[PDB]
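Structure provided below as structure tokens; questions to follow.
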Amino acid sequence: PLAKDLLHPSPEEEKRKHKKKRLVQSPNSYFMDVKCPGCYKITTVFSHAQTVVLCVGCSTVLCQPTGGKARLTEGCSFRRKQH
Amino acid sequence: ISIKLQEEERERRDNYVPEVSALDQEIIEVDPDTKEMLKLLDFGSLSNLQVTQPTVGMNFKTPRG
Amino acid sequence: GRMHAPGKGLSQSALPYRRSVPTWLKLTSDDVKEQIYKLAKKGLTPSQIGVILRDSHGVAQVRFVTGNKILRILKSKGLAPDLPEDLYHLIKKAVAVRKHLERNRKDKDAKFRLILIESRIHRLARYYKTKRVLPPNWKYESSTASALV
Amino acid sequence: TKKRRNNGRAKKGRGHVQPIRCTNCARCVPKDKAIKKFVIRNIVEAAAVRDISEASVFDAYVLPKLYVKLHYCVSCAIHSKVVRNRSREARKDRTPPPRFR
Amino acid sequence: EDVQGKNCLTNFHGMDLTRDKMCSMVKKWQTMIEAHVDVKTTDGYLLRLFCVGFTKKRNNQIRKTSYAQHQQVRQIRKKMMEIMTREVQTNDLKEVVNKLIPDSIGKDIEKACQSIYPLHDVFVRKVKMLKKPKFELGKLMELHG
RNA sequence: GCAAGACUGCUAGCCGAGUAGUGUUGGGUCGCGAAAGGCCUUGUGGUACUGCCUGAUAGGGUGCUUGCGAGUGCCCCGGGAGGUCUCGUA
RNA sequence: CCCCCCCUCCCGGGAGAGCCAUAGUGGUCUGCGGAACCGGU
RNA sequence: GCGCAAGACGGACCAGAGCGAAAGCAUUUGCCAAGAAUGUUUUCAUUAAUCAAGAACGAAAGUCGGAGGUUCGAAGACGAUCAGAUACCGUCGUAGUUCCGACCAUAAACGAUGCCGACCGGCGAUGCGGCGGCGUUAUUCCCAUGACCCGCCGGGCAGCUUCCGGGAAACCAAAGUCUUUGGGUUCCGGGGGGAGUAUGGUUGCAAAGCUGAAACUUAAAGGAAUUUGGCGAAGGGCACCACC
Ligand SMILES: [Zn+2]
């Protein structure tokens, strides 16, 4: 309360707060690397795609537009790519 | 009334203590959460303590509305 | 809050701190610009071009793969639209509201919304006039809707 | 001076509510201010219950219940002794009256 | 419809529910869903079936209101309308009256609405007979055994 | 290729067999389910219940006993005995 | 002598998709290693 | 009891719940257009807040022209209460109550509190969108979705407590961060009557709407809260000078 440490907040506190209320503005979104057992070529998609995407190779519809994230088609593996 | 004799028989009962400890029981019923808490303070496993099954069912807080 | 509605909101983008292209993105600048040119030739606007590039091609945003923004690139090549996208959308919305109002004369709320939309159009056109992108004699007129589609 | 934190009703973000009619009176009053009373009552109380029960065509029968809702204006609600005045700090208590009968 | 002698013959004309039951079914902290369908049987017996449904509270639910979204209510009403119009046009009145003796239509609607919002009771609270065909004697004498 | 652990479903002989059929809201590699017959080692032990309906001894409905509140009791067949089952009171 | 009964108590047996130990058994997960890397079809 | 015709209307579900700038908004379905919030690693880059002139909407009553007039009901007719009622009450009952136009622009149009923006305590609920996680259910297995539960995030109507603070107090997380007085910008108050009157302008067929004094007169008029006063207010106690 009176004596906190706003310079070095714990990660739990920082992740609790809103994205624009943190000590530094950092989005909570991320990119994905989605692929399916059917086709054997891998694409890169955004978490909140908000747009229907067709796999390059006309395999099937991969993502689905929703309010938040994207409803990944069943039978697909994805990993969180980061630098 | 502030009594100093304090009900002689009940005062003796207060003086009476049992031969058993009533606390140093050989079996302790604790959830895994308490075991995880204890594992990270200074010490680890014990020889007079065992973990119980997770008592989480549906929820607490019976319906009132 | 909102300029016209009395509602307060907080929902928009939040760019990351690190201003560097990610290493997993193998795309160069030339091919990104080529894709931008192709999408522009297809008949889209910079509002959706960035969306398509950040969804399918995996690029975060243009301002890091290249230096010029999307509208800057379109102006550089020359196939950029003559009228701003937001002003075009506002004009189209005003035309739609007026077309709805021609038949139903008792919809007072539609009249109020049309007044608000025309106010927004005037306020944006004033900024365009003072920033030297539209001719000084350009005026928004109620009847002129067919030409400005 | 202002007596209640609210305005004697429950309208906080509406500005208008449907007007209803009193039952004892004919006064037209706002819905959220008009005291609403819901009563559960049987056809017979304690006199004709036996006469219906033992003297009946069918056996093992449950008596029907008459259902009705009441709307009372403030003057009509107080004149019929449905609600009564309370103390200054006792008016802030929103708990319903005890029910055990 | 006809009397032979010292013995009158009848026919189905409608069905209603007890007013006390209907009063007791409509309670607080629940949404009532209504739907009227004007569907004709195989023969020219046009009926206007009505429906009533309510939502209730789960055994572990804490929310006292337990309301429903407007779109969920619309979907439930569409389901009830389709269920009633499906079990009328395919059969005559003579045995759908027998079907009406139990709450088979009500049970079907209740089972069909488990996915949108769980309702407890489905009742055809009123059935009216709007139109009837040309008067016939053979059907009448077949109705009475 | 080394390699031991943690857990799970069904059968309480195995085979045919998760065959027919039932089935659900959107799907699926699916819930539900004894065999006809055969081949034989020829078919595991302790443990309490069971109001009515729907669709398990699960889940969801809904009771009977004294006005009322808590009990005991409420699947079936075979023996014996008895006849107002227990505590408080709008 | 009444009844038809209905209920309660002391025992035996039948049915179930209860639980627990043993067999017929089917899969999920975890540890180590591939003499060392960079590109072209 | 069975059928027919006409008009108004949308009970119970209905909540200190929702939407709309305000007035205001409820039977199912179909069509058209719009909006707040949540999500966003999309787009432009100061396009911003409040506002003299001006402009749209604006409850019921109010007027003008058509169609309908079921019910309620100004004026009016009648009967009783009453000393006196052309008041309370009861029966009829025109204009209006309904719709399509043409007008007025008025309320206790009240949160009696202007808008934008920053900050300073806590605690549970509710409605929306997003997010994480055991477990039941759409019968028993696999996933997505509804329903249930445990949290978190943002905006919105509100709730409870307190020596943050303030006020004359009633009370207020704003009616606070104000003599230790300066965030930005509009309207408006100067003791009580006369008086929102006369007048002049102005809009309206009219009713009336906006702007709006002076002469004379008074030392009071007013806001909050206690003890007795009285109630044709509620709720308790006692008495054979009260009763059974
Ligand atoms: Zn009244």
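Hey, among the residues in segment D:20-36 that are more than 10 Å from RNA strand H (Cβ to nearest atom) and of a type in the set (V, I, T), which one's surrounded by the most Cβ atoms within 10 Å (Cβ to Cβ)?
Here the answer is D:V29.
Take D:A60 and tell me if it is at positive phi, within 16 Å of RNA strand F (Cβ to nearest atom) and of a type outside the set (D, E, K, R).
So D:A60 passes the test.
Quick check on D:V17: is it within 14 Å of another protein chain (Cβ to nearest Cβ), within 25 Å of E:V26 (Cα to Cα), away from the ligand (no atom under 16 Å from the Cβ) and assigned to a loop (DSSP other than H, G, I, E, B)?
No: the conditions fail for D:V17.
Among the candidates A:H8, A:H48, which residue alone is surrounded by 15 or more Cβ atoms within 10 Å (Cβ to Cβ) and not aliphatic (A, V, I, L, M)?
Step by step, each of A:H8, A:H48 is checked, and only A:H48 is surrounded by 15 or more Cβ atoms within 10 Å (Cβ to Cβ) and not aliphatic (A, V, I, L, M).
Let me ask another. Considering each of B:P18, B:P63, B:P32 in turn, give the residue that is within 14 Å of another protein chain (Cβ to nearest Cβ) and either surrounded by 10 or more Cβ atoms within 10 Å (Cβ to Cβ) or over 30 Å from E:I62 (Cα atoms) (or both).
Sole residue among the options that is within 14 Å of another protein chain (Cβ to nearest Cβ) and either surrounded by 10 or more Cβ atoms within 10 Å (Cβ to Cβ) or over 30 Å from E:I62 (Cα atoms) (or both): B:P63.
Is it true that some residue in segment E:75-85 is touching a strand residue (DSSP E or B) at 6+ places or on another chain (Cβ under 7 Å), of a type outside the set (V, I, T) and under 19 Å from E:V26 (Cβ atoms)?
Yes, because at least one residue in segment E:75-85 is touching a strand residue (DSSP E or B) at 6+ places or on another chain (Cβ under 7 Å), of a type outside the set (V, I, T) and under 19 Å from E:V26 (Cβ atoms).
Here is a check on your reading of the model: is D:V83 assigned to a loop (DSSP other than H, G, I, E, B), among the hydrophobic types (A, V, I, L, M, F, W, C) and within 10 Å of RNA strand H (Cβ to nearest atom)?
So D:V83 fits the description; yes.
Which count do you get for residues in segment A:8-40 that are in a loop (DSSP other than H, G, I, E, B) and within 9 Å of another protein chain (Cβ to nearest Cβ)?
Number of matching residues: 10.
Report whether or not D:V39 is within 14 Å of chain E (Cβ to nearest Cβ), within 11 Å of RNA strand H (Cβ to nearest atom) and under 16 Å from the mean Cα position of the chain (by Cα).
No, not satisfied.
Shifting gears a bit: Only one of these conditions is not met by C:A60: (1) within 14 Å of chain A (Cβ to nearest Cβ); (2) outside any loop (DSSP other than H, G, I, E, B); (3) among the small types (G, A, S). Which number is it?
Only one criterion is unmet by C:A60, namely (2).
On the basis of being in a helix (DSSP H, G or I), away from chain B (no Cβ under 14 Å) and farther than 14 Å from E:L119 by Cα, does E:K99 make the cut?
yes
Consider only pairs whose beta carbons are under 8 Å apart and that are at least six residues apart or on different chains; among these, list those whose first residue lies in segment A:60-75 and is more than 12 Å from chain C (Cβ to nearest Cβ) and whose second residue is hydroxyl-bearing (S, T, Y) and more than 13 Å from RNA strand F (Cβ to nearest atom).
A:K69/A:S47
A follow-up question, please. Among the residues in segment E:108-120, are any surrounded by 13 or more Cβ atoms within 10 Å (Cβ to Cβ), more than 14 Å from E:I76 (Cα to Cα), in contact with a strand residue (DSSP E or B) (Cβ under 7 Å, 6 or more places away or on another chain) and not aromatic (F, W, Y)?
Among the residues of segment E:108-120, not one is surrounded by 13 or more Cβ atoms within 10 Å (Cβ to Cβ), more than 14 Å from E:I76 (Cα to Cα), in contact with a strand residue (DSSP E or B) (Cβ under 7 Å, 6 or more places away or on another chain) and not aromatic (F, W, Y), which makes the answer no.
Here is a check on your reading of the model: is E:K78 basic (K, R) and either closer than 20 Å to E:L130 by Cα or part of a loop (DSSP other than H, G, I, E, B) (or both)?
no
Every residue, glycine among them, receives a Cβ derived from its backbone with ideal geometry; neighbour counts consider all protein chains shown. Each value in this text was obtained by applying a stated rule to the coordinates, not by laboratory testing.
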